[PDB]
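S.K.: First, the structure itself, so that you have it in front of you.
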Amino acid sequence: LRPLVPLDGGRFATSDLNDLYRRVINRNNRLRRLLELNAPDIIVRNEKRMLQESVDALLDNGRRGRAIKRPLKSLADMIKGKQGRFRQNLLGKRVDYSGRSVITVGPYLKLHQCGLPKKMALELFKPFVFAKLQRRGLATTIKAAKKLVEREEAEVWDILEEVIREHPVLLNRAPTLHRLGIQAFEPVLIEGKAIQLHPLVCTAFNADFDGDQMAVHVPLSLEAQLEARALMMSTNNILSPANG
Amino acid sequence: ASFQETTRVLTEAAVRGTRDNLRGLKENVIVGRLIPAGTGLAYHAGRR
Amino acid sequence: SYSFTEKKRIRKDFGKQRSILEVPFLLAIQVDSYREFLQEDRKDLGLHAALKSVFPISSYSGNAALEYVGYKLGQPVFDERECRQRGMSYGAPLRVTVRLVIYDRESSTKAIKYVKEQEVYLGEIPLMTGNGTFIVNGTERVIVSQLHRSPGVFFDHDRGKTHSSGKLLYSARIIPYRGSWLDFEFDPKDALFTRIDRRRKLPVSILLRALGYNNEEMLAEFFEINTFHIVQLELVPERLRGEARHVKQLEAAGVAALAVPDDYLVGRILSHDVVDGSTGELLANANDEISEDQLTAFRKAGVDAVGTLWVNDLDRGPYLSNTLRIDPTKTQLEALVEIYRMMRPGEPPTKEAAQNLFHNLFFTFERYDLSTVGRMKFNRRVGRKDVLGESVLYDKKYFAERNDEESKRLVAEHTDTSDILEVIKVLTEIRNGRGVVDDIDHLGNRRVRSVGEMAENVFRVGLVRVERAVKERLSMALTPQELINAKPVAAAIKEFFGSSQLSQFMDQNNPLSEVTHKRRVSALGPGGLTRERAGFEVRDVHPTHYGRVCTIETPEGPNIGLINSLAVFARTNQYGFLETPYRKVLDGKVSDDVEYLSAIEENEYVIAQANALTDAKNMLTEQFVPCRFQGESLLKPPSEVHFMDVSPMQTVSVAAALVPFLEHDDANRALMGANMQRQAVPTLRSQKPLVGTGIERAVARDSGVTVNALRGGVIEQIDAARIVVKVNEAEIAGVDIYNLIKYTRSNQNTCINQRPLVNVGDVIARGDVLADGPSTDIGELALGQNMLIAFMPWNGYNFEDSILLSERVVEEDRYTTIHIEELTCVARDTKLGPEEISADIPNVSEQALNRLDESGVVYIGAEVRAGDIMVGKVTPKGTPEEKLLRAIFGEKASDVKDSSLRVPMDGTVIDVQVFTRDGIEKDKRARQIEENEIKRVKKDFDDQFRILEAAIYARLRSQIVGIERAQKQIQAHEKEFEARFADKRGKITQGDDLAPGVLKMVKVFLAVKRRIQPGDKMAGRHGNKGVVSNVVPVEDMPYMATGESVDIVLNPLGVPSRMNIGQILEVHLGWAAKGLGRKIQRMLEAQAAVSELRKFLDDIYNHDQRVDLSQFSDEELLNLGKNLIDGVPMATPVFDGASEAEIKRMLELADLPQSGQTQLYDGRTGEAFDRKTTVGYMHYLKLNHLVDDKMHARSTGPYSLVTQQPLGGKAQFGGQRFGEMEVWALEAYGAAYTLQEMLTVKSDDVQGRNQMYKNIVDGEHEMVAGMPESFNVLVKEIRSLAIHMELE
Amino acid sequence: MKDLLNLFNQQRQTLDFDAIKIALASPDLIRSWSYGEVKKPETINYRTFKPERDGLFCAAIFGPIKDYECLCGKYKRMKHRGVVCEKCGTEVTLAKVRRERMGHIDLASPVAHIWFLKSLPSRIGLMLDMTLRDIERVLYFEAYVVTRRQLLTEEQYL
Amino acid sequence: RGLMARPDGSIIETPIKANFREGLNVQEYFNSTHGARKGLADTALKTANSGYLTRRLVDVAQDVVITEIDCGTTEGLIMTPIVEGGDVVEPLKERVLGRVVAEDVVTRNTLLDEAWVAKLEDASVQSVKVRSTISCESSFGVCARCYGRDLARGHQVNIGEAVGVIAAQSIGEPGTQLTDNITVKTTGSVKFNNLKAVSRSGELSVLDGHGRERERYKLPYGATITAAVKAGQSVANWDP
DNA sequence: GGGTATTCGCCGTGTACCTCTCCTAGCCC
DNA sequence: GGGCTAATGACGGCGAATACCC
RNA sequence: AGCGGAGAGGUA
Ligand SMILES: [Mg+2]
Ligand SMILES: [Zn+2]
Ligand SMILES: [Zn+2]
């Protein structure tokens, strides 16, 4: 849970909990050596005071002692705060099967459909492409199927077009203060590097078209796909959650 | 202890010895079970 | 009268008035501060001041003194390109001459034995490259200026911060340069409190008792004391005014000391004590409330005067009496040990230790060290006539009892200044005499620290560490070279120049960005404020910023106002304050004299604005001029003004002046456009801006990306890589040669290039350009291209700030940019075996091995693709068949691992750089490129020697027309060339510096030329950013009546919303310029005369600033007409000129409509539109935010080991962070099964993602969820806090 | 380091519970939590890539570095499970137990938890009916405690 | 463009007598960029405070889940149109529409639609008892009838909808966009409310032709009233 | 003992993304 | 150069200890 | 060979 990070040349990165643990163990061993020596009361009193201060720096650093140009983290700061283990890894998590790109405007699209790049949809829908290539018989193993995907022939485009036909994706704005910041669309394959969007969608997203990026997510379970079709579609979310 | 003063709520739960019955929405995200709102209400009805 | 660069092309310039003062050097403050810091050429202030301040060292045992006579800076061992390519720092050695003397103990002082250790090595000072940059580990760093609080004394207040009342408290703070901070705070119970370095607050009576002052003396000095009589008292005519006809009658009558009853004496406080020698006891204490028993004792003693204090309600306040009443300490030693206990908590009291601590806290030079600017601010705030003073805080009572040698010199020059009592008295007159306070919002209250002051500060810190080492090292006294250690000062200067908040990575994509980054000031730093703190009071602009700090150049994000930009004519004063020039205005006529006024001197005189009309050459024909007095507008007669602005470009910076029509645009869009111009990318062919300003030439000159001829002459020898000039006899022994950089990467992975523009055999002057730099025209700055604009909605493709592009803007390669990437292959040394660069790699097909050579690396100039192996690298990873295979081969049969360099972005390889270490056998390709480099340096050294010998022989042939010095000069040049060739050969034959653990490094330069794609961010000139929607063919674009197809179709809906209309005037001026260029091309296409072109240029240049056409030549006029065949560029000043009548006249001069709106037809159906649209040429550029950098996706990549979650970022295949607000939105949807499979199955669970992946690739549907591993991490982290958390 | 046979099996943990209980921890329960005692503040020895015995990074207390491997190398097979090596004492088991097992420190003198003292609703101050400054002076070795509840200066104690 | 404002609160004595079509002086551009920097800092702090308030309101109201379809609460809430002495804040047709009624004004426990709002406007009703969520008798949840109708769909709210996160997000929407004499303005008959002038709380509410209340002014103690009252007059002149 | 009146701390202050550098280095041979 | 080697330019809301004459 | 803590710049 507290690993060491190596650098180039054999060096290791400094740690916060390991230095506090080494200080506590060293002061405890010094207290044991002073107790075995039968030291007078002043020396063992100062050693017990240093042991109490090192335990205080180990448990909650920065409250009374503030052990160090920058104060290192402790067990109390690793739980609380914004950068702790509770807000960065439990409420908000990094997810796979996801990517982001810039957005342009597409007037030829419908309300329920949106655009998606070819290489982006090939990277996102790669397990379904592998499963369909195993089912069609074009490759016996997944290594030959992966080499056929990276070779980029026309059959992988046929597989990617047949997979993406009835599979919705979750388009998300990077601020999500709105209730309708996440909407489901049926993507199509376009010959570009951006994500085309309907002009009636960016009003609810409050999104412009100058350097705006939108992260996409693909649901892969059947329950998630049916939930995205039923209660996340852009054609079903017409009214606002604030007023009528 | 989710948004403010984690140490105070943690030491209060440590002294009193409370028992979290998981009857909420955020604690089901923390534990990893289904949300008891919408499609997950039938699972909570069949569990109890 | 005109140079060759101006004779090449002349742009039309119209305005209201001419410019008096020219544009100065834009990077002058950094190079002048570094020249004052280095003192390379005396040496009163700078590094020599710190060297003279630190190096006098007195040991504890005596007979040890260190002296120095000077310092010398050595030459750098490498070139600038050598440190840029090899990775070294462009530094210079600093050598001092430490003189060590030894005195004789137990005798008189005498120099028994003195030594002088010359060339004491300490540190390496990185020198500037002439433009404000220095190479730190192969990268160029720019140290920006800091806008901090100036040293001195300030008086602030707090409005409702304490006591929840309407009354306000005052605070006095003494800010030193390198000492401990002193404070003086009030109290709501009318008391004074002080604290040192934000410690626990103490009353000022303890500090005044530790200084050595008595209560009677401070009560006689602060409060005016009256006398009494034995009861009666003296009559004061001024004291009766507080209690107008009665005071006037008492003044005109002239009364004596009248009698007063005892009812007026009970309400007073006794000033001084009274004693009686006959009684033997004190009848009354000093500073006490008078009682009846004390009055009876004073009447029995027979005292004459008991003393009183002038106490009022608003005019006077008894604060020192309450301060003495609060503090019970009446002993100087008790006050000293109380101060020592407040400074160091938990220590036993010691007399001489606390005395030495109080002496070293405030009253020494080694610890406090108040600067001269702080002394000047102190004397200006208090009100003393003298400006320069002592560098240490002086007291009248503290230095009177000292027995030191410097104290007798200090007490003779100051003559009882008593600055502490002066500060307390000035604060008392602020509280009581109704004085004004000053907030920290002026440019005179702030100060600018350049790179030299911070470098001197960190060098003084390193010298203090070296002195603290040498004070212990010289305790037993050998050579002085073994005492001074270079390691702490070298580590301090490396930690300063390498990793600091003021030394950041610069940007070199644009010359304008380079100029505005070298000129940028920043309020952040070690002494500055934090961006996270509430700083609304300093983010808003102050009226002192007019003329010194640019107001509209401000970055977006958290730092809106903390990161400012310096103005054009603004410079730094001698004390660090900012100054701006003005014009000396006499009564009536205005003299054209330039006087740089400071920020604290501009408010005293009435300064008129630059928008003042003048009928004569220099007069004032307005009865009420728009002048300012205290930063606000005012209407004053012209007989009372004293100063006026020199130019309307004084307010804006160099990045805000280049955008035309600033007076017609909004402030927010101008703020966006001033920041959007710093992110432009240089294209293949750069075009001049049709609507410019005139400050582009100064920015291109002071940017440093172009070369300039120092001495004019013949350019008969010219190449694409080098330019050889031949100077004349007036400027000169050898001729000058300029080497041009062709293709090297910048700090932003862009390509810089220097293409020449002069021809063979043409005379020049001093200052003409010889090669246009990157994103640079023939002497103007060029950021983008010129293209047709139509403001109309086109089928929703330009819906909300979207940009429409044609096929003609893509097929002619107008926005094609060159990007150079750096890809390295590092071969480390492992414990199992060193990694080789061999080409024989197993499990690799021949299709990826044809481009590899026998060396294992790729050739130069090979078209590679994504995933191609450029450098083949293998590493050893460590049955009888394996033993048979190992015995059949030479111990290289198996047990190897493939780890080679691959391309992540397809392009050609332009350069392959191979770095090797000593003791390693070089490769045949490394030997071949070594032969290539030595052949290249032999060839260009032979060419330079042949050119120098030809110049010397030409001078000798010119000298023998009508004899020995030319031969000696040729011999010296041959010896210098031989020494330079020997230095280069010894430099390029040895192994370079590498890390401990690496044997070989191969760096491959990959140059990619990317085209324009739909989705790329492209902004204009006035702040109208956009994203390309799609690429449309030419047949669908709308066409005019003549057949010209519009390239870009913009949206006119942003004009009333964003409230900028300067782009419409820029479009109209570009349309007029393109019409003039087409008319010039139509005139020069047929056989025309010179007089028609002359009268046409005289019609389009001036109309009645003044450009004469009968001056240069006929062939120069034909060259000007050939240069103006693409368009006639116009110059528009930033706050004057370019009215509507001038634009309408330039439109009506050609065959163009007056309103600028012509009717164009649609290209899709061939029909005509209902209205006429605005068509014209706008200077449109391309930003650096590409679509390839932002588009990325992943299915399954690597995971972290602390928690089982994917990584982040575009590198290493990071996943997108599913934030908390998205989880809130999905919980608002309901969505239990969607949220369960998002944060448990896909991300957190180890077995769950494998089960889901195999259920996807198998076809069955069986989802089994589990607990996240981060919850187990949180449980194990809670259990480490001795708190039991169980899952029941 | 690399293991592929153990990686294929799944459904090992059910993760089915009803409630979460949080309470204090007795020292006997903390002693029953851990598997070993640390004694030396040495993590990784110099000039070799091997963990230090009885340190913060140790194999005898938490788990082995490589999967199904010891520090010396006497057992290099997946069939050996639940066996402790003789030279360097560690169990030949999975390398994922280093993330689960923990250790403990035997302190020579007892210390006070800062989460029960430094908080403004102080629990030790309410249980002993004492102010915060008195316990702050006692725990930082500045005064004495009689054993009824009053402060004592060392001279007053003398 | 008129006068410009300074951040300390004082208005500049001279305005900018020039638009963007003509030229602007440097002293006018200084005040323009001063106002621009003030607006940029204002929207930055507004965005930060709106995000913090949105997070706090989400974490406060997250346990309310629609669990049961009917509870059986007959407490009710009285709905009145909000007049703050000037123009109307929220009228009756916006505040009433979307919830069921408690007492018979109409049939109880019936969801109101636009036709029922039009019928109540034709009947000229002033106050109707409504069923709100502040008076509920459910166990750890909100009843489906006390909440009314959904906001995304026009029908009844479904069982299991989390109406807390939607409410907190809808309150946290516009936070980035935030910032004597009784003379009537509109015509209509004046009807006194809680009057006896000896009155502690006086309300000078008026009734228009359709039956809605447009103006409602406060009346102090001892207010002299002069008074089918036309506009342009004063019912209560002054009361110092 | 018991009410105001300051006063020392405790605890918090938006999200998402993209580039770059630099990491404990010091010493007596 | 070489291998171990243990500052003091934030700001607002809020519950809890001192001071003290009646 | 994968797992990271600060500092700086930029976009929405
Ligand atoms: Mg935008
Ligand atoms: Zn073993
Ligand atoms: Zn209910």
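Here, A, B, ... name the chains of the structure tokens in the order displayed, residue numbers run from 1 inside each chain, and ligands are numbered from 1 in the same displayed order.
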Would you list the contacts of range 111-115 of chain C as a PyMOL selection string, taking every protein, DNA or RNA residue within 7 Å and counting only C-alpha atoms (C1' of nucleotides), but skipping same-chain residues closer than 5 positions in sequence?

M.R.: chain C and resi 99-104

S.K.: Could you write out as an NGL selection string the residues of chain F within 12 Å of chain D, counting only C-alpha atoms (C1' of nucleotides)?

M.R.: :F and (8-11)

S.K.: Please list as a list in words every residue within 12 Å of residue 12 in chain H, counting only C-alpha atoms (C1' of nucleotides) and excluding residues in the same chain fewer than 3 positions away.

M.R.: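 My reading of the contact set: residues 102, 103, 173, 174, 175, 206, 207, 208, 209, 210, 211, 212, 213 and 214 of chain A; 556 and 557 of chain C; 15, 16, 17 and 18 of chain F.
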
S.K.: Chain B residues within 9 Å of chain D, counting only C-alpha atoms: which ones, as a list in words?

M.R.: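 In the required form, that comes to residues 7, 8, 10, 11, 13, 14, 15, 16, 17, 18, 19, 20, 21 and 22 of chain B.
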
S.K.: Generate a file of the selected residues that holds N, CA and C atoms, formatted as a PDB file, in the first residue's frame.

M.R.:
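Below you can see out_2.pdb, which holds the result:
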```pdb
ATOM      1  N   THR B   7     -12.142  13.568  10.757  1.00  0.00           N
ATOM      2  CA  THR B   7     -11.551  13.112  12.012  1.00  0.00           C
ATOM      3  C   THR B   7     -12.570  13.116  13.146  1.00  0.00           C
ATOM      4  N   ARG B   8     -13.454  14.119  13.177  1.00  0.00           N
ATOM      5  CA  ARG B   8     -14.442  14.222  14.250  1.00  0.00           C
ATOM      6  C   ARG B   8     -15.489  13.119  14.152  1.00  0.00           C
ATOM      7  N   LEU B  10     -15.057  10.297  12.577  1.00  0.00           N
ATOM      8  CA  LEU B  10     -14.365   9.027  12.771  1.00  0.00           C
ATOM      9  C   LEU B  10     -14.128   8.736  14.248  1.00  0.00           C
ATOM     10  N   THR B  11     -13.707   9.740  15.027  1.00  0.00           N
ATOM     11  CA  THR B  11     -13.508   9.495  16.452  1.00  0.00           C
ATOM     12  C   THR B  11     -14.838   9.373  17.193  1.00  0.00           C
ATOM     13  N   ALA B  13     -17.568   7.872  15.825  1.00  0.00           N
ATOM     14  CA  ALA B  13     -17.964   6.500  15.532  1.00  0.00           C
ATOM     15  C   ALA B  13     -17.060   5.489  16.227  1.00  0.00           C
ATOM     16  N   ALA B  14     -15.807   5.859  16.503  1.00  0.00           N
ATOM     17  CA  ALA B  14     -14.915   4.963  17.229  1.00  0.00           C
ATOM     18  C   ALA B  14     -15.251   4.915  18.715  1.00  0.00           C
ATOM     19  N   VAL B  15     -15.643   6.050  19.301  1.00  0.00           N
ATOM     20  CA  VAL B  15     -15.996   6.067  20.718  1.00  0.00           C
ATOM     21  C   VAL B  15     -17.364   5.427  20.935  1.00  0.00           C
ATOM     22  N   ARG B  16     -18.366   5.845  20.154  1.00  0.00           N
ATOM     23  CA  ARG B  16     -19.722   5.350  20.368  1.00  0.00           C
ATOM     24  C   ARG B  16     -19.897   3.920  19.872  1.00  0.00           C
ATOM     25  N   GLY B  17     -19.137   3.514  18.859  1.00  0.00           N
ATOM     26  CA  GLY B  17     -19.269   2.179  18.313  1.00  0.00           C
ATOM     27  C   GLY B  17     -20.531   2.004  17.493  1.00  0.00           C
ATOM     28  N   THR B  18     -20.734   2.888  16.520  1.00  0.00           N
ATOM     29  CA  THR B  18     -21.953   2.890  15.728  1.00  0.00           C
ATOM     30  C   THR B  18     -21.948   1.744  14.717  1.00  0.00           C
ATOM     31  N   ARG B  19     -23.126   1.478  14.158  1.00  0.00           N
ATOM     32  CA  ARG B  19     -23.323   0.411  13.184  1.00  0.00           C
ATOM     33  C   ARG B  19     -24.040   0.990  11.974  1.00  0.00           C
ATOM     34  N   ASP B  20     -23.361   1.000  10.832  1.00  0.00           N
ATOM     35  CA  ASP B  20     -23.919   1.567   9.610  1.00  0.00           C
ATOM     36  C   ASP B  20     -24.800   0.533   8.921  1.00  0.00           C
ATOM     37  N   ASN B  21     -26.093   0.833   8.807  1.00  0.00           N
ATOM     38  CA  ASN B  21     -27.054  -0.094   8.221  1.00  0.00           C
ATOM     39  C   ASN B  21     -27.127  -0.009   6.701  1.00  0.00           C
ATOM     40  N   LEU B  22     -26.305   0.849   6.079  1.00  0.00           N
ATOM     41  CA  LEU B  22     -26.178   0.992   4.620  1.00  0.00           C
ATOM     42  C   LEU B  22     -27.496   1.383   3.949  1.00  0.00           C
TER      43      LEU B  22
END
```

S.K.: Check which residues of chain E sit at most 7 Å from ligand 3 using only C-alpha atoms and all ligand atoms, and return one row each with the closest pair of atoms and their distance in Å to one decimal, ordered by chain and rising number, as CSV.

M.R.:
```
residue,atom,partner,partner_atom_place_in_ligand_line,distance
E:70,CA,ligand 3,1 (Zn),6.4
E:71,CA,ligand 3,1 (Zn),4.7
E:72,CA,ligand 3,1 (Zn),6.7
E:73,CA,ligand 3,1 (Zn),6.0
E:133,CA,ligand 3,1 (Zn),6.5
E:136,CA,ligand 3,1 (Zn),4.1
E:137,CA,ligand 3,1 (Zn),5.5
E:138,CA,ligand 3,1 (Zn),5.7
E:142,CA,ligand 3,1 (Zn),5.6
E:143,CA,ligand 3,1 (Zn),3.8
E:144,CA,ligand 3,1 (Zn),6.8
E:145,CA,ligand 3,1 (Zn),6.3
E:146,CA,ligand 3,1 (Zn),4.8
```

S.K.: Closest to chain F among C:1187, C:848, C:168, C:50, using only C-alpha atoms (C1' of nucleotides)?

M.R.: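 Result for the nearest residue to chain F: C:1187.
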